[PDB]
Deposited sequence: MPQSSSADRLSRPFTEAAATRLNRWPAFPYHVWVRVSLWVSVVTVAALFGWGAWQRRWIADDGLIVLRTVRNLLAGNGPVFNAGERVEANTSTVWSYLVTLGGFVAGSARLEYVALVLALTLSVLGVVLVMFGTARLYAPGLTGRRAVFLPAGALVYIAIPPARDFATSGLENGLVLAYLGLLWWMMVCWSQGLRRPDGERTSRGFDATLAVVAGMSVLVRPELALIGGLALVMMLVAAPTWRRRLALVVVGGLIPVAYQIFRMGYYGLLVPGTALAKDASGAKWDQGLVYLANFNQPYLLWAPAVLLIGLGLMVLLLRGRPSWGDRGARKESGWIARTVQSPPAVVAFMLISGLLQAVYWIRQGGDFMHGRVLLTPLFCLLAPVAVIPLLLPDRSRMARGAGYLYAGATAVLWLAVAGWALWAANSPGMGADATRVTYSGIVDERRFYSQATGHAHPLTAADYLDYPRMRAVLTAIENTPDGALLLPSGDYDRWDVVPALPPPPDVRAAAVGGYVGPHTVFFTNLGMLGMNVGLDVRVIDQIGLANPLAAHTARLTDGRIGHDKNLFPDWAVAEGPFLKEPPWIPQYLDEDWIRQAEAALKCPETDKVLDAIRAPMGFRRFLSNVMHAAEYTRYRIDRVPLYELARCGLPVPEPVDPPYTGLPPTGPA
């Protein structure tokens, strides 16, 4: 509801950004290894087995709870058996929608002060974000980044409208339906990502401040958090824990500020991120002076408050991620704070100053500085788009674990755009596993071999008579694979083959182990293969096992596995589900969550209080 040039300008700018961003995300097509882990859970859920990684166990492997079910719905609607295309389409659409939403939300912030004026809208903070090459790397992978972008854009627009909605129509701020919708949207943040709660919850607090009475506060708090409470109850009843389990596997001991600073420097130095920040701060502090240099309830619901809320949210997210320790990818975890910090300057107005503040030649010089600053920002973006990137250090393991994943997997395979699971069959140990499985009708345990790029085989116990014969379509024994990269194996082997890792993403035994040494980020807490041999229907004697395994350790682990307290936790996720199982799992989730075991079997025996088995000799 403003003048014609203001209406058209904004529109064209938006279109431009969208187009470019789309192109920038089509020339870099790939799917990550971590993106193929969601698809196995989706396949299990569409097969009638439930939200699990393996059919016989109830283990949570996805930390989004919304991306997984959205992809499940998409794969249910689409009758095609390919799920990578669903993920590609959804990620692209969500990223573009989020950028459009944030631009439209920022325009309404400046709209009220442009009444009866001639001005234009120019894209400032939207171009900067899409100029960064890692932003276009992760705009199309199998992760949930686009979902985060869309959620943040919607929340920003709704909060701006809520802050500006104060007009006192009938002694009330806004309508009740809008308040309920905003409360539900704010409460829905913990499901999307856990650390995002600090954003959404903050918004909720503001609403609770502005309510006139206690009745409205109770209504808002009840409406806001119904769905997260229901899902928490379901998770406690079904999985027997208070947390997804991947967070349970890590056993933190404190802050790591030095690694976070190293990660921040590594992110900054390819692209020189300080110059756009300085220029955008200059533009922001310059645009405010033209508008003019110049109880708690009125103050909280004001346009000045939402800007501070967004900036504080961005700073808090950055501090949390820096204290955590960073990541082993180039720029993955520092994009959400960057998106949050650039929201208030996503689009800027350019206009001739009023006659009542500066006369004639003083207004002709105020627009020139704004134009020159915008031109400098555009030049920086154009330069930084065509940047080589991290450099010739993203293909090996250096002193730090940070690496560029897209080029790593492009050279690991032989494809410039690895998009499907058939493209990942060219990994060095991928074609051999199929033949290894096909050559063992009675089943086996597969381990990496230290001499070549094939697999070592540990056979299983043969079936007894009258059980081998009573089989449908022949008899197939149990197959288990022990490895570190799960997505490529999980999307290839099949739904009746058990795929386990060592850190504890899908291994319930390795997630209950304690920590002794810090080591490298993410590649520091690995379980011995002797534990894997100990549990499973496989042989345990030297004529059938490789020479780098210790049989005394195998016997000690086998004897330690019969602890009464370990048995309860094991059957919490393996016994058939019913009503009493749901109730017992709800009552004992807290104590199951805070349970730890020791890596070395002898010390475990010592802790539990069980006798030591005699030497095999």
| query | finding |
| --- | --- |
| Non-modelled portions of the deposited polymer sequence, in sequence order | 1-28, 323-334, 658-669 |
